[PDB]
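Undergrad: Chains as they are written, first to last, in the working numbering: chain A, 1 to 11; chain B, 1001 to 1581; chain C, 2001 to 2064; chain D, 3001 to 3293. Built from N, CA and C at the ideal position, the CB exists for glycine as well.
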Ligand SMILES: [Mn+2]
Ligand SMILES: [Mn+2]
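1) So residue 3070 of chain D contacts chain B; which residues on that side make the cut at Cβ distance below 9 Å?
2) Please write down, chain order preserved, every residue whose beta carbon lies under 7 Å from a heavy atom of ligand 2.
3) Starting from the C-beta of residue 2043 of chain C, find all residues in its chain whose C-beta is less than 8 Å away, skip the five residues before and the five after it, and write them out in chain order.
4) Under 8 Å, with one C-beta from each stretch per pair, do the region 3266-3274 of chain D and the region 3179-3186 of chain D reach the 3-pair mark?
5) Determine contact between the region 1210-1230 of chain B and the region 1166-1182 of chain B, defined as no fewer than three beta-carbon pairs at a distance below 8 Å.
6) How long is the line joining the alpha carbons of residue 1323 of chain B and residue 3101 of chain D, rounded to whole angstroms?
7) What are the residues that DSSP puts in a beta bridge with residue 3276 of chain D?
8) Would you say residue 3260 of chain D lies against chain B (beta-carbon separation less than 9 Å)?
9) Ligand 1 heavy atoms versus the CB of residue 3087 of chain D: any closer than 8 Å?
10) Could you tell me the distance, in whole angstroms, from the CA atom of residue 1036 of chain B to the CA atom of residue 1159 of chain B?
11) Name, going along the chain, the residues of the region 1002-1013 of chain B whose beta-carbon falls closer than 9 Å to a beta-carbon of chain C.
12) Examine ligand 1 and report whether any of its heavy atoms sits within less than 8 Å of the Cβ of residue 1119 of chain B.
13) Taking C-beta pairs closer than 9 Å, name the residues in chain D that residue 1531 of chain B reaches, listed in chain order.
14) If we ignore side chains and look at the alpha-carbon of each, how far apart do residue 3213 of chain D and residue 1260 of chain B end up?
15) Could you spell out the range, first to last residue, of the alpha helix (DSSP H) harbouring residue 3236 of chain D?
16) Does residue 3157 of chain D come out as helix, strand or coil in the three-state DSSP assignment?
17) Residue 1033 of chain B CB to nearest chain C CB: under 9 Å?
18) Run through chain D and tell me which residues come within less than 8 Å of residue 1566 of chain B, C-beta to C-beta.
19) Which residue wins for smallest C-alpha separation from residue 1087 of chain B, given the options B:1118, B:1045, B:1340?
20) Closest to residue 3094 of chain D by C-alpha separation, out of D:3014, D:3229, D:3231, D:3115, would be which residue?
21) Quick check: the Cα distance between residue 3141 of chain D and residue 3029 of chain D, rounded to an integer number of angstroms?
22) For residue 1590 of chain B, which residues of its own chain have a beta-carbon under 7 Å away from its beta-carbon, when the five flanking residues on both sides are left out?
23) Going residue by residue through the region 1323-1393 of chain B, where are the continuous alpha helix (DSSP H) segments of at least 4 residues, counting only ones entirely within it?
24) Under the DSSP definition of a beta bridge, which residues are partnered with residue 3113 of chain D?
25) So for residue 3173 of chain D, helix, strand or coil by DSSP?
26) Chain B partners of residue 2058 of chain C, CB-CB under 9 Å?
27) For ligand 3, is there any heavy atom lying closer than 8 Å to the beta carbon of residue 3058 of chain D?
28) I need the DSSP call for residue 2023 of chain C, collapsed to helix, strand or coil.
29) How many Å lie between residue 7 of chain A and residue 3092 of chain D at the Cα?
30) Smallest Cα separation from residue 1096 of chain B: which of B:1268, B:1138, B:1011, B:1360?
31) If we ignore side chains and look at the alpha-carbon of each, how far apart do residue 1433 of chain B and residue 3012 of chain D end up?
32) Taking any Cβ of chain A, which residues in the region 3267-3284 of chain D have a Cβ under 9 Å from it, in chain order?
33) By DSSP, does residue 988 of chain B sit in helix, in strand, or in coil?
34) Just to check my reading of the structure: residue 1413 of chain B and residue 1423 of chain B have Cβ atoms closer than 8 Å, yes? What is that Cβ distance to the nearest angstrom?
35) Could you name the residues that DSSP lists as bridge partners for residue 3046 of chain D?
36) Please say whether residue 3062 of chain D and residue 3087 of chain D have beta carbons closer to each other than 9 Å?
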């Protein structure tokens, strides 16, 4: 599910 | 004398940590009972020499020693307890080191200047020169606190100590030094900072580690705030300018976060000169992190701009980049923007907003993403007071119905909260034409927050559009909604009656609402059975004593008869509140 | 406020003050339990040899 | 007496609604009262419909507050939370306090089951003990709540059709009479019928099999079907496995896996679901995603 979901949030 | 130590050793060497923690807590009582001379002579060396494989006891004793000064005998003898603190400083755990350094801060603050110079300053040089990076990191923090009370020669010595340790090869200590740099400049003077710190500071900025450059930018903003405007352009602008275009995006992310402080410190003229182009450069960086971080600060950056060229620069550079940012496909950046884009609604003004903003705001609202929609619709209020009701109401009317029913419930709540303004603006006829259906559909929404908010909004609508209007349109339907097999809708009717009876006068409530509510008292469902009593409690003050004592009293006393304890309690509570018996 | 057996071991009138407190925390029976547990704790020699606790001055003070 | 105590409890309820934990003495008085209010319920504490079944919580207070926003306030919509509401959460103490407070305030507008995570051993090594020590300093409240956790019922029966239990079935147990005869005043043993009830789960296997969790077993389609035939049950509801849709059917509409703790561990990001049965046993479903913080 996470791999499907995008998440570019990086410090 | 030695019996306390004999009990301490056995108490501290055991299996659990709770007993060791209790021993640490009782250490103060033990020391004060034994005496100042006893503790200073024997107890302190023992705690200096003892080593523990476990850390909570170390942390507890570290925090305890700070308060232990008064037991030690005041500032005159804190030199006695400095050795244990410095020995505890060199440890493998960061939290205990943090507690050690804060305890050292307290000790230095309470220390007399003369004794501080005599002893503490010799201690800090040893702590910094200790081969262990733990020792060096623990040392770096003491420079800021120790600067004032020492003489000028000691100030120079510790300044060059700071420069030497900052020139260390390993980042592990350089990060800590950079973090303490901002605090250190607080106590230094303009001449000293511009002479020594700014060069080493540019060296730190030129360093390769983005990690150290993250704290370097923080120290940059700190020293820029400390210094006056007329000197920052000489030295620091090149450093921050070249940092803003570093290959690594982490420093570009940090400076984006701290951008508002930089512009605030430098002043509007400097921002107009050179900051705004750099901010634009951030708008078009391939990294989404920097893009979102900068977008989060657009409102506050704009509001900090003088009106001389505020709107001019906004049209010329800001809005062109904002539209591209909106056009960007990434979800997080667009969501972050949607929250702030409404920020500059009053700044642009009535004409400019309707000219430029509204087309973009409508596009944002008409977006597939749920995050962007829920963010943008949240801040619908801000545009309401800058743009008259009618303009934006007409602009949003095409999309209200589709928006009136959509996946997320937060946006549905946002709409149902703002609809009565549209109702008042557009009059009875149009609302009855289409909006009435939307309100009635909301009255039976799955979620409960909707139902409640919709009933509250219906409270506004009835008083806006007249009692007779509600008696004509809303009452026959809401009151008819009290018969379906489900009990949820039969609870919704009770909430709606509790609300409307406030505004709908008394005769209408008595001849329409009461009869149904009273007839519902026999419903087999216990939930509705006591919530009816809850409604009667609220509605009783609006009746006339005759109707109450005639019909309400029998129903309320009947409720007490039934077997459910909870409904019986509500019945008694309402009966006593209305004082009917 | 919590006061373990060490306070009473170091100072004697602390016991009197505690028993004078209308709500002695811990309760006197708990104080007895703790004192006698301390007295009965076995003595471990350096060779990890368990032996009965020697009746030292501290042990006698706990008992009394 | 009872009246003034009820009003006092109301203040605790509203305060807990503000994330403000009660005093240690208040917690003591709450646990003491809750012992006498839970002692009177057998293992299969029957509950009449309507109802709103809620799955796993794991003590996420913001999520629980949004769940109240969705379903309704506790005095209005009857609830049947199923276990595991004390662990893997940064507000576990507040969550559990709120749940027990609601239970004591209303005897029958709510009912809480016992999950696998409500025991002495598990809480010590999964945060709750650490949370209690950090917040209240000592462990008196911890030894109060762990003591209370034994008095909870084990399973719930809704209008003789729905069977709600945290884990699932077990090879030793076969009939509701056995569950009724089981004794609960015991910290969950590491092996036994009581043990497995809190660690069972579904699977597409058939037969049985050792669970990878290390405790309990794993039942198959035919096992659930046979058990349902044995006792006239028509649907079993459990909540121990994290999901995405929030509610998932398994064993050809025989076991419903519910999960009402969205974004498990703040990172899974999973949605969460809640089931609700009207008076005529007309099931529905609601879904949600955690409230903004
Ligand atoms: Mn769980
Ligand atoms: Mn579980």
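TA: In this structure, then:
1) Reading the fourth chain from its first residue, position 70 is the one you call residue 3070 of chain D. What residue 3070 of chain D touches in chain B: 1409, 1446, 1447, 1448, 1449.
2) D:3056, D:3083, D:3084, D:3115, D:3116, D:3117, D:3166, D:3167, D:3198, D:3240
3) The residue you call residue 2043 of chain C lines up with position 43 of the third chain. Answer for residue 2043 of chain C: 2050, 2051, 2052, 2053, 2054, listed in chain order.
4) no
5) yes
6) Here residue 1323 of chain B corresponds to residue number 323 of the second chain, with the count starting at 1. Here residue 3101 of chain D corresponds to residue number 101 of the fourth chain, with the count starting at 1. Taking the straight line joining both Cα atoms gives about 52 Å.
7) Walking along the fourth chain from the start, residue 3276 of chain D turns up at place 276. In DSSP, residue 3276 of chain D forms a bridge with D:3052, D:3284.
8) Here residue 3260 of chain D is taken as the residue at index 260 of the fourth chain, counted from 1. No, its Cβ sits nowhere closer than 9 Å to a Cβ of chain B.
9) Position 87 of the fourth chain holds residue 3087 of chain D. The answer is yes for residue 3087 of chain D.
10) The residue labelled residue 1036 of chain B in the question sits at position 36 within the second chain. The residue labelled residue 1159 of chain B in the question sits at position 159 within the second chain. So the alpha carbons of these two residues sit roughly 37 Å apart.
11) 1003, 1004, 1006, 1007, 1008, 1010, 1011
12) Within the second chain, residue 1119 of chain B is the residue found at index 119, counting from 1. The answer is no for residue 1119 of chain B.
13) Within the second chain, numbered from 1, the residue matching residue 1531 of chain B stands at position 531. Within 9 Å Cβ-Cβ: 3075, 3076.
14) In the fourth chain, residue 3213 of chain D corresponds to position 213, counting from 1. In the second chain, residue 1260 of chain B corresponds to position 260, counting from 1. Roughly 51 Å separates the two Cα atoms.
15) Locating residue 3236 of chain D in the fourth chain gives position 236, counting from the first residue. Unbroken run through residue 3236 of chain D is the beta strand (DSSP E), 3235-3238; no alpha helix (DSSP H).
16) Looking up residue 3157 of chain D in the fourth chain gives position 157. DSSP places residue 3157 of chain D in strand when its eight states are reduced to three.
17) As a working mapping, residue 1033 of chain B is identified with position 33 in the second chain. By this cut-off, residue 1033 of chain B is an interface position.
18) Residue mapping note: residue 1566 of chain B aligns to position 566 of the second chain, counting from 1. Chain D residues near residue 1566 of chain B: 3106, 3107, 3108, 3109.
19) What you label residue 1087 of chain B is simply residue 87 of the second chain in a count that begins at 1. Comparing Cα positions, the closest option is B:1045.
20) Here residue 3094 of chain D is taken as the residue at index 94 of the fourth chain, counted from 1. For the residues D:3014, D:3229, D:3231, D:3115, the minimum Cα distance to residue 3094 of chain D belongs to D:3014.
21) In the fourth chain, the residue the question calls residue 3141 of chain D occupies position 141. In the fourth chain, the residue the question calls residue 3029 of chain D occupies position 29. Rounded to whole angstroms, residue 3141 of chain D to residue 3029 of chain D spans 11 Å at the Cα level.
22) Given a span of 1001 to 1581 for chain B in the structure shown, any question on residue 1590 of chain B remains unanswerable.
23) 1331-1341, 1345-1348, 1358-1365, 1370-1378, 1380-1386
24) The count along the fourth chain starts at 1 and reaches residue 3113 of chain D at position 113. The partner list for residue 3113 of chain D (beta bridge, DSSP) reads D:3082.
25) For the purposes of this step, residue 3173 of chain D is identified with residue 173 of the fourth chain, where counting begins at 1. Residue 3173 of chain D: coil per DSSP, three-state reduction.
26) Locating residue 2058 of chain C in the third chain gives position 58, counting from the first residue. In chain order: 1003, 1006, 1007.
27) As far as ligands go, the structure on display features ligand 1 and ligand 2 and does not contain ligand 3.
28) Numbered from its first residue, the third chain carries residue 2023 of chain C at position 23. Three-state result, residue 2023 of chain C: coil.
29) Numbered from its first residue, the first chain carries residue 7 of chain A at position 7. Numbered from its first residue, the fourth chain carries residue 3092 of chain D at position 92. If you take the alpha carbons of residue 7 of chain A and residue 3092 of chain D, they lie about 28 Å apart.
30) Working through the second chain from its first residue, we reach residue 1096 of chain B at position 96. Minimum Cα distance to residue 1096 of chain B is reached at B:1138.
31) Against the second chain, residue 1433 of chain B aligns to sequence position 433. Against the fourth chain, residue 3012 of chain D aligns to sequence position 12. Approximately 48 Å between the Cα atoms of the pair.
32) 3267, 3268, 3269, 3270
33) Any property of residue 988 of chain B remains undetermined from this structure, which presents chain B solely from 1001 to 1581.
34) Counting from one through the second chain, the residue named residue 1413 of chain B turns up at place 413. Counting from one through the second chain, the residue named residue 1423 of chain B turns up at place 423. Rounded, the Cβ-Cβ distance is 17 Å, inconsistent with contact.
35) On the fourth chain, residue 3046 of chain D is found 46 positions in, with the first residue counted as 1. D:3157.
36) Your numbering for residue 3087 of chain D matches position 87 in the fourth chain. Your numbering for residue 3062 of chain D matches position 62 in the fourth chain. Cβ atoms of residue 3087 of chain D and residue 3062 of chain D: not closer than 9 Å.
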